[PDB]
Amino acid sequence: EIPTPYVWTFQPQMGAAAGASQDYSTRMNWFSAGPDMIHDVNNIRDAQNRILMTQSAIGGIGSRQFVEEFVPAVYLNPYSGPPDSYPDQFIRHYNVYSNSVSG
Amino acid sequence: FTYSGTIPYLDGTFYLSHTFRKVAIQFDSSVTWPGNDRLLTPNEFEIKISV
Amino acid sequence: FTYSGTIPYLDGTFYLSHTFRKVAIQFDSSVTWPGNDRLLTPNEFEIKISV
Amino acid sequence: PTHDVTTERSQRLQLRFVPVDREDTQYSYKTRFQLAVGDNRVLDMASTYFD
Amino acid sequence: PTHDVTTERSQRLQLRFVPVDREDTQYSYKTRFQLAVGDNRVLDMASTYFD
Amino acid sequence: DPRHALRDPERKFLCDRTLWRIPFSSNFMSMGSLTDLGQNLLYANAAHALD
Amino acid sequence: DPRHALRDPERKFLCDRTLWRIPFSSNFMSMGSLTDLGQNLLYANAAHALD
């Protein structure tokens, strides 16, 4: 359905960004509203993911070039896919060459 | 400051490293380091033993 | 064999399990099991403590 | 199963936390702990209790 | 380097072996050990000695 | 009673017709007759000594 | 000498003008200014607490 996009925190060092997580600092609370309201809220939010959708299609990278890329990506429905194709890269303590491991 | 002898803190004339027993390091107040059962005493770094 | 009471070794009427203090397991006489700092006392299985 | 179940690296089974602050009132006792859940771990409150 | 150098899983740095058999002769002392080199490991004799 | 004299606590327990268990599993749980550790290469590949 | 009375051994050591080291490496060796652990995601990604 309509979820909430992830946020990418720029890592001052390396420039390889970090793990993305569902934003919550701007969560538009509203469960205390009405029916038509709860209906319109998911509509405007859908338009959001819609914009961030087009805005997405278009060593380490700097900050200035970081805002243009690594934009908030919407991961539609949940884990949906098989245990093979998961977010992975969306995990903070996760590397490519190997599985997520830390000392 | 009523002292004029060598200042180990500056010249580096330390001489009390033989007064340590053990050191314990832990992250997030739970995960001991280096852990992974690296040392004979994985829960700490024993510099010297009496018994 | 001058006994005729219950034989714990056969009928299974044990009653001395409360007489154990601790047990230590080790492989190749070095690698303690389970090790990996699993228990609060990673070097053995303390069944009961006095103090 | 012989994979994707248990970890091979060292790791305690049950940790013990000490009060970072405790106030003994005339008719009440309050204590605060910094329950830290190490990374790659999952804690099930049901397994926690106050000793 | 951050890969293909050190292992992430638990593993001792220096093991300790106990005599599987020892004979105290009137003028000689003999002991036999079962030096076991775990899999995925490599031991450099030079780092071994008799305590 | 007010005549009570200073005493001292004493704890203990009993567990009859039972057998102490120490499963050979990484988490001590029963996930099948043939445990996970009982199927680990470290044991099926090379032989060890127990103590 | 034959007049020697029963004694007792006592060991110790001294290490002046020196600093105890505990490199933040997976093997404690120096493989470069920027250690391997000092470049591990587990630390660069999230923040931790030390004690």
# chains A, B, ... in the order shown; residues from 1 in each chain; ligands from 1

$ interface_residues --of "chain B" --to "chain D" --cutoff "9 Å" --atoms "only C-alpha atoms" --output "JSON, numbers by chain"
{"B": [27, 28, 29, 30, 31, 32, 35, 36, 37]}

$ interface_residues --of "chain E" --to "chain G" --cutoff "10 Å" --atoms "only C-alpha atoms" --output "ChimeraX atom specification"
/E:1-3,5-8,13

$ write_last_selection --atoms "N, CA, C and O atoms" --output "short mmCIF file (atom, residue, chain, number, x, y, z; two decimals), in the first residue's frame"
data_model
loop_
_atom_site.label_atom_id
_atom_site.label_comp_id
_atom_site.auth_asym_id
_atom_site.auth_seq_id
_atom_site.Cartn_x
_atom_site.Cartn_y
_atom_site.Cartn_z
N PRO E 1 43.52 -3.18 5.95
CA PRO E 1 42.49 -4.00 5.32
C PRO E 1 41.31 -4.28 6.24
O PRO E 1 41.48 -4.42 7.45
N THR E 2 40.11 -4.36 5.67
CA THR E 2 38.90 -4.62 6.45
C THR E 2 38.18 -5.90 6.05
O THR E 2 36.96 -6.00 6.20
N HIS E 3 38.93 -6.87 5.55
CA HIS E 3 38.35 -8.14 5.14
C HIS E 3 39.43 -9.09 4.64
O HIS E 3 40.46 -8.65 4.12
N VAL E 5 41.34 -10.94 6.45
CA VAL E 5 42.50 -10.83 7.32
C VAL E 5 42.21 -11.48 8.66
O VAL E 5 42.83 -12.48 9.02
N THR E 6 41.26 -10.91 9.40
CA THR E 6 40.89 -11.44 10.70
C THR E 6 39.48 -12.03 10.66
O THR E 6 38.64 -11.60 9.87
N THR E 7 39.24 -13.01 11.52
CA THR E 7 37.93 -13.66 11.58
C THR E 7 36.99 -12.90 12.51
O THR E 7 37.43 -12.21 13.43
N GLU E 8 35.69 -13.03 12.26
CA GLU E 8 34.68 -12.36 13.06
C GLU E 8 34.15 -13.25 14.18
O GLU E 8 33.73 -12.75 15.23
N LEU E 13 43.32 -16.89 21.04
CA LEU E 13 44.55 -16.45 20.39
C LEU E 13 45.67 -17.42 20.73
O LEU E 13 46.52 -17.73 19.89
#

$ residues_around --residues "residue 31 (chain D)" --least-positions-apart "6" --cutoff "8 Å" --atoms "only C-alpha atoms" --output "number ranges by chain"
D: 19-23

$ calpha_fit_and_write --fixed "chain E" --moving "chain D" --output "short mmCIF file (atom, residue, chain, number, x, y, z; two decimals) with N, CA and C atoms, in the first residue's frame"
data_model
loop_
_atom_site.label_atom_id
_atom_site.label_comp_id
_atom_site.auth_asym_id
_atom_site.auth_seq_id
_atom_site.Cartn_x
_atom_site.Cartn_y
_atom_site.Cartn_z
N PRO D 1 43.53 -3.20 5.96
CA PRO D 1 42.50 -4.02 5.31
C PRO D 1 41.31 -4.30 6.23
N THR D 2 40.12 -4.36 5.66
CA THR D 2 38.90 -4.61 6.44
C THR D 2 38.18 -5.89 6.03
N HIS D 3 38.93 -6.87 5.54
CA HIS D 3 38.35 -8.14 5.12
C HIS D 3 39.44 -9.09 4.64
N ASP D 4 39.20 -10.39 4.79
CA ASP D 4 40.15 -11.40 4.37
C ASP D 4 41.45 -11.31 5.17
N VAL D 5 41.33 -10.95 6.44
CA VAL D 5 42.48 -10.83 7.32
C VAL D 5 42.20 -11.49 8.66
N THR D 6 41.24 -10.93 9.39
CA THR D 6 40.87 -11.47 10.69
C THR D 6 39.47 -12.06 10.66
N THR D 7 39.22 -13.04 11.53
CA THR D 7 37.92 -13.69 11.60
C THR D 7 36.98 -12.93 12.53
N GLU D 8 35.68 -13.04 12.26
CA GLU D 8 34.67 -12.36 13.07
C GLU D 8 34.15 -13.26 14.19
N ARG D 9 34.17 -14.57 13.97
CA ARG D 9 33.68 -15.51 14.97
C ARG D 9 34.67 -15.70 16.12
N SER D 10 34.15 -16.10 17.27
CA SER D 10 34.96 -16.32 18.46
C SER D 10 36.09 -17.32 18.18
N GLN D 11 37.23 -17.11 18.84
CA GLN D 11 38.38 -17.99 18.66
C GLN D 11 39.56 -17.52 19.51
N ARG D 12 40.10 -18.43 20.32
CA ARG D 12 41.23 -18.11 21.19
C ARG D 12 42.45 -17.68 20.38
N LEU D 13 43.33 -16.91 21.02
CA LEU D 13 44.56 -16.44 20.38
C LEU D 13 45.68 -17.42 20.71
N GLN D 14 45.66 -17.95 21.92
CA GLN D 14 46.67 -18.90 22.37
C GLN D 14 46.05 -19.95 23.28
N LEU D 15 46.11 -21.20 22.84
CA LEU D 15 45.55 -22.30 23.61
C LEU D 15 46.56 -22.86 24.60
N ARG D 16 46.07 -23.66 25.54
CA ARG D 16 46.92 -24.28 26.55
C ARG D 16 46.60 -25.77 26.58
N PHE D 17 47.62 -26.60 26.41
CA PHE D 17 47.43 -28.04 26.41
C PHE D 17 47.99 -28.74 27.64
N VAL D 18 47.27 -29.74 28.12
CA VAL D 18 47.68 -30.51 29.29
C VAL D 18 48.17 -31.90 28.88
N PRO D 19 49.22 -32.40 29.54
CA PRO D 19 49.80 -33.72 29.26
C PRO D 19 48.78 -34.85 29.32
N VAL D 20 48.67 -35.60 28.23
CA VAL D 20 47.74 -36.72 28.16
C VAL D 20 48.39 -37.93 28.81
N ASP D 21 49.69 -37.81 29.05
CA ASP D 21 50.47 -38.87 29.67
C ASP D 21 51.84 -38.32 30.07
N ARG D 22 52.26 -38.60 31.30
CA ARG D 22 53.54 -38.13 31.79
C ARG D 22 54.23 -39.16 32.68
N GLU D 23 55.50 -39.42 32.38
CA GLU D 23 56.29 -40.39 33.13
C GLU D 23 57.49 -39.73 33.79
N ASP D 24 57.52 -39.77 35.12
CA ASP D 24 58.62 -39.18 35.87
C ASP D 24 59.67 -40.24 36.20
N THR D 25 60.68 -40.35 35.34
CA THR D 25 61.75 -41.32 35.53
C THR D 25 62.77 -40.76 36.52
N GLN D 26 63.60 -41.65 37.05
CA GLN D 26 64.62 -41.28 38.02
C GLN D 26 65.56 -40.17 37.54
N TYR D 27 65.77 -40.09 36.23
CA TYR D 27 66.66 -39.08 35.66
C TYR D 27 66.14 -38.46 34.37
N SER D 28 64.85 -38.59 34.13
CA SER D 28 64.24 -38.03 32.93
C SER D 28 62.75 -37.83 33.12
N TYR D 29 62.18 -36.89 32.38
CA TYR D 29 60.76 -36.60 32.46
C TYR D 29 60.17 -36.53 31.06
N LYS D 30 59.19 -37.38 30.78
CA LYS D 30 58.57 -37.42 29.47
C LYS D 30 57.08 -37.12 29.54
N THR D 31 56.61 -36.31 28.60
CA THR D 31 55.20 -35.93 28.53
C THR D 31 54.74 -35.86 27.08
N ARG D 32 53.53 -36.35 26.82
CA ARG D 32 52.98 -36.33 25.47
C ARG D 32 51.71 -35.48 25.42
N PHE D 33 51.62 -34.62 24.42
CA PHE D 33 50.45 -33.76 24.25
C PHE D 33 49.78 -34.08 22.93
N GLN D 34 48.50 -33.75 22.82
CA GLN D 34 47.76 -34.00 21.59
C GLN D 34 47.48 -32.68 20.86
N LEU D 35 48.55 -31.95 20.56
CA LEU D 35 48.45 -30.68 19.86
C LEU D 35 47.43 -30.75 18.73
N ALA D 36 46.27 -30.14 18.95
CA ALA D 36 45.20 -30.15 17.95
C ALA D 36 45.02 -28.78 17.31
N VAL D 37 45.16 -28.74 15.99
CA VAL D 37 45.01 -27.50 15.24
C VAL D 37 43.62 -27.45 14.61
N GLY D 38 42.72 -26.71 15.24
CA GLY D 38 41.36 -26.59 14.73
C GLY D 38 41.32 -26.27 13.25
N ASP D 39 40.21 -26.62 12.60
CA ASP D 39 40.05 -26.37 11.17
C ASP D 39 40.08 -24.87 10.88
N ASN D 40 40.41 -24.52 9.64
CA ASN D 40 40.48 -23.12 9.22
C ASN D 40 41.50 -22.34 10.04
N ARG D 41 42.47 -23.05 10.61
CA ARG D 41 43.51 -22.41 11.41
C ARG D 41 44.89 -22.85 10.94
N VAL D 42 45.91 -22.08 11.33
CA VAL D 42 47.28 -22.39 10.96
C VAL D 42 48.19 -22.07 12.15
N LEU D 43 48.94 -23.08 12.60
CA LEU D 43 49.84 -22.89 13.73
C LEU D 43 51.30 -22.81 13.31
N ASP D 44 52.00 -21.81 13.83
CA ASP D 44 53.41 -21.62 13.53
C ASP D 44 54.23 -22.03 14.74
N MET D 45 54.74 -23.26 14.71
CA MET D 45 55.53 -23.81 15.80
C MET D 45 56.34 -22.79 16.58
N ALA D 46 56.98 -21.86 15.87
CA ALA D 46 57.80 -20.84 16.51
C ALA D 46 57.08 -20.17 17.69
N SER D 47 55.75 -20.13 17.63
CA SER D 47 54.97 -19.50 18.69
C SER D 47 54.62 -20.47 19.82
N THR D 48 55.18 -21.67 19.77
CA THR D 48 54.91 -22.67 20.80
C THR D 48 56.11 -22.85 21.72
N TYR D 49 55.83 -23.17 22.98
CA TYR D 49 56.88 -23.38 23.97
C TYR D 49 56.35 -24.21 25.12
N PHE D 50 57.26 -24.74 25.93
CA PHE D 50 56.87 -25.56 27.07
C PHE D 50 56.93 -24.80 28.39
N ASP D 51 55.77 -24.59 28.99
CA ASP D 51 55.68 -23.88 30.26
C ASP D 51 55.97 -24.86 31.39
#

$ select_by_dssp --residues "chain A" --states "helix (DSSP H, G or I)" --output "PDB file with N, CA and C atoms, in the first residue's frame"
ATOM      1  N   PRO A  35     -13.228  10.297   9.398  1.00  0.00           N
ATOM      2  CA  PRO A  35     -13.149   9.371   8.264  1.00  0.00           C
ATOM      3  C   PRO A  35     -12.650  10.033   6.980  1.00  0.00           C
ATOM      4  N   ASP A  36     -13.322  11.099   6.560  1.00  0.00           N
ATOM      5  CA  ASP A  36     -12.928  11.808   5.348  1.00  0.00           C
ATOM      6  C   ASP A  36     -11.531  12.393   5.528  1.00  0.00           C
ATOM      7  N   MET A  37     -11.183  12.684   6.778  1.00  0.00           N
ATOM      8  CA  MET A  37      -9.880  13.244   7.118  1.00  0.00           C
ATOM      9  C   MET A  37      -8.806  12.170   6.980  1.00  0.00           C
ATOM     10  N   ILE A  38      -9.082  10.997   7.544  1.00  0.00           N
ATOM     11  CA  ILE A  38      -8.156   9.873   7.493  1.00  0.00           C
ATOM     12  C   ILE A  38      -8.001   9.446   6.033  1.00  0.00           C
ATOM     13  N   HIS A  39      -8.986   9.811   5.218  1.00  0.00           N
ATOM     14  CA  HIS A  39      -8.979   9.482   3.798  1.00  0.00           C
ATOM     15  C   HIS A  39      -8.109  10.454   3.007  1.00  0.00           C
ATOM     16  N   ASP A  40      -8.192  11.733   3.358  1.00  0.00           N
ATOM     17  CA  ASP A  40      -7.426  12.769   2.678  1.00  0.00           C
ATOM     18  C   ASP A  40      -5.960  12.790   3.103  1.00  0.00           C
ATOM     19  N   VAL A  41      -5.690  12.360   4.331  1.00  0.00           N
ATOM     20  CA  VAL A  41      -4.325  12.342   4.848  1.00  0.00           C
ATOM     21  C   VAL A  41      -3.443  11.366   4.075  1.00  0.00           C
ATOM     22  N   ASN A  42      -3.990  10.199   3.753  1.00  0.00           N
ATOM     23  CA  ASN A  42      -3.244   9.189   3.014  1.00  0.00           C
ATOM     24  C   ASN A  42      -3.141   9.580   1.546  1.00  0.00           C
ATOM     25  N   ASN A  43      -3.972  10.534   1.137  1.00  0.00           N
ATOM     26  CA  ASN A  43      -3.977  11.007  -0.241  1.00  0.00           C
ATOM     27  C   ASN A  43      -2.808  11.960  -0.467  1.00  0.00           C
ATOM     28  N   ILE A  44      -2.685  12.958   0.404  1.00  0.00           N
ATOM     29  CA  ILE A  44      -1.606  13.933   0.301  1.00  0.00           C
ATOM     30  C   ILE A  44      -0.257  13.259   0.512  1.00  0.00           C
ATOM     31  N   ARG A  45      -0.236  12.239   1.363  1.00  0.00           N
ATOM     32  CA  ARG A  45       0.992  11.508   1.642  1.00  0.00           C
ATOM     33  C   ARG A  45       1.371  10.672   0.429  1.00  0.00           C
ATOM     34  N   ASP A  46       0.359  10.184  -0.284  1.00  0.00           N
ATOM     35  CA  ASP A  46       0.582   9.380  -1.478  1.00  0.00           C
ATOM     36  C   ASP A  46       1.220  10.261  -2.544  1.00  0.00           C
ATOM     37  N   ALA A  47       0.745  11.499  -2.634  1.00  0.00           N
ATOM     38  CA  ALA A  47       1.271  12.454  -3.598  1.00  0.00           C
ATOM     39  C   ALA A  47       2.730  12.728  -3.263  1.00  0.00           C
ATOM     40  N   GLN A  48       3.054  12.661  -1.975  1.00  0.00           N
ATOM     41  CA  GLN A  48       4.417  12.888  -1.515  1.00  0.00           C
ATOM     42  C   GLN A  48       5.309  11.804  -2.108  1.00  0.00           C
ATOM     43  N   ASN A  49       4.998  10.551  -1.789  1.00  0.00           N
ATOM     44  CA  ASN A  49       5.761   9.419  -2.298  1.00  0.00           C
ATOM     45  C   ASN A  49       5.794   9.482  -3.820  1.00  0.00           C
ATOM     46  N   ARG A  50       4.771  10.109  -4.396  1.00  0.00           N
ATOM     47  CA  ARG A  50       4.668  10.251  -5.843  1.00  0.00           C
ATOM     48  C   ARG A  50       5.740  11.205  -6.360  1.00  0.00           C
ATOM     49  N   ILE A  51       5.953  12.300  -5.634  1.00  0.00           N
ATOM     50  CA  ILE A  51       6.956  13.290  -6.015  1.00  0.00           C
ATOM     51  C   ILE A  51       8.348  12.717  -5.787  1.00  0.00           C
ATOM     52  N   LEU A  52       8.567  12.177  -4.592  1.00  0.00           N
ATOM     53  CA  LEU A  52       9.852  11.585  -4.241  1.00  0.00           C
ATOM     54  C   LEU A  52      10.158  10.421  -5.172  1.00  0.00           C
ATOM     55  N   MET A  53       9.145   9.985  -5.913  1.00  0.00           N
ATOM     56  CA  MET A  53       9.297   8.884  -6.856  1.00  0.00           C
ATOM     57  C   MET A  53       9.979   9.396  -8.120  1.00  0.00           C
ATOM     58  N   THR A  54       9.513  10.541  -8.608  1.00  0.00           N
ATOM     59  CA  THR A  54      10.076  11.150  -9.806  1.00  0.00           C
ATOM     60  C   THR A  54      11.401  11.818  -9.457  1.00  0.00           C
ATOM     61  N   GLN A  55      11.474  12.375  -8.254  1.00  0.00           N
ATOM     62  CA  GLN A  55      12.681  13.044  -7.787  1.00  0.00           C
ATOM     63  C   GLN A  55      13.798  12.023  -7.595  1.00  0.00           C
ATOM     64  N   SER A  56      13.413  10.767  -7.393  1.00  0.00           N
ATOM     65  CA  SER A  56      14.375   9.692  -7.196  1.00  0.00           C
ATOM     66  C   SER A  56      14.959   9.232  -8.527  1.00  0.00           C
ATOM     67  N   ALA A  57      14.086   8.990  -9.499  1.00  0.00           N
ATOM     68  CA  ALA A  57      14.514   8.545 -10.819  1.00  0.00           C
ATOM     69  C   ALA A  57      15.499   9.536 -11.432  1.00  0.00           C
ATOM     70  N   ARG A  64      26.937  17.833  -0.929  1.00  0.00           N
ATOM     71  CA  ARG A  64      26.243  18.551  -1.993  1.00  0.00           C
ATOM     72  C   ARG A  64      25.715  17.598  -3.059  1.00  0.00           C
ATOM     73  N   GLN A  65      26.493  16.564  -3.366  1.00  0.00           N
ATOM     74  CA  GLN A  65      26.094  15.581  -4.364  1.00  0.00           C
ATOM     75  C   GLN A  65      25.352  14.432  -3.694  1.00  0.00           C
ATOM     76  N   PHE A  66      25.227  14.514  -2.372  1.00  0.00           N
ATOM     77  CA  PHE A  66      24.536  13.492  -1.597  1.00  0.00           C
ATOM     78  C   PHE A  66      23.042  13.788  -1.554  1.00  0.00           C
ATOM     79  N   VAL A  67      22.700  15.072  -1.562  1.00  0.00           N
ATOM     80  CA  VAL A  67      21.303  15.488  -1.526  1.00  0.00           C
ATOM     81  C   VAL A  67      20.624  15.203  -2.863  1.00  0.00           C
ATOM     82  N   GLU A  68      21.400  15.251  -3.942  1.00  0.00           N
ATOM     83  CA  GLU A  68      20.873  14.994  -5.277  1.00  0.00           C
ATOM     84  C   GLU A  68      20.642  13.496  -5.468  1.00  0.00           C
TER      85      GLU A  68
END

$ select_by_dssp --residues "region 16-45 of chain B" --states "strand (DSSP E or B)" --output "list in words"
residues 22, 23, 25, 26, 27, 31, 32, 33 and 45 of chain B

$ residues_around --residues "residue 15 (chain C)" --least-positions-apart "4" --cutoff "7 Å" --atoms "only C-alpha atoms" --output "PyMOL selection string"
chain F and resi 15-17

$ write_last_selection --atoms "N, CA, C and O atoms" --output "CSV table (one decimal), in the first residue's frame"
chain,number,residue,atom,x,y,z
F,15,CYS,N,15.7,-32.7,44.7
F,15,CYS,CA,15.2,-33.0,43.4
F,15,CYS,C,15.4,-34.5,43.2
F,15,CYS,O,16.5,-34.9,42.7
F,16,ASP,N,14.5,-35.3,43.5
F,16,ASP,CA,14.6,-36.8,43.4
F,16,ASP,C,14.1,-37.3,42.1
F,16,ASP,O,13.6,-36.6,41.2
F,17,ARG,N,14.3,-38.6,41.9
F,17,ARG,CA,13.8,-39.4,40.7
F,17,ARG,C,14.0,-38.5,39.5
F,17,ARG,O,13.1,-38.5,38.6

$ atom_distance --atom1 "CA of residue 99 (chain A)" --atom2 "CA of residue 45 (chain G)"
15.1 Å
